[PDB]
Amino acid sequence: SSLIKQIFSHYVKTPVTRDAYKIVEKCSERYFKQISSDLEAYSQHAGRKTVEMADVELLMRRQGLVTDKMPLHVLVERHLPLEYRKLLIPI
């Protein structure tokens, strides 16, 4: 949607064609399909039907985003708005 455009432009910091945006949308649909299968694997492997915080953290560690130098709470502080940080990191 429009949102994906706002975010992508915000990060890319230069002008982007209409078609390029359309690609970003397609690739975003792909992203969600792929992680959905990974999250299912994590849940099924832990013998349960829910996605837990630790699962998505493990996702992000496997993606090279969470690391020893860069723990999750730092990504949360850096990238999400106050109202979400409040829910994720109330202490």
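Note that residue numbering follows the sequence shown and begins at 1.
*Asks:* Tell me which of 58-66 and 44-52 has the higher mean C-alpha B-factor in the deposited entry.
*Replies:* 44-52 has the higher mean C-alpha B-factor.
*Asks:* Sorting by Cα B-factor within the chain, modelled residues only, which third would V12 end up in: lowest, middle or highest?
*Replies:* Middle third of the chain for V12's C-alpha B-factor.
*Asks:* Among all modelled residues of this chain, ranked by Cα B factor, put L82 in the bottom, middle or top third, i.e. lowest, middle or highest.
*Replies:* Ranked within chain, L82 CA B lands in the highest tercile.
*Asks:* Relative to the other modelled residues in the chain, which third contains the C-alpha temperature factor of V24: lowest, middle or highest?
*Replies:* For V24, the deposited C-alpha B-factor lands in the middle third.
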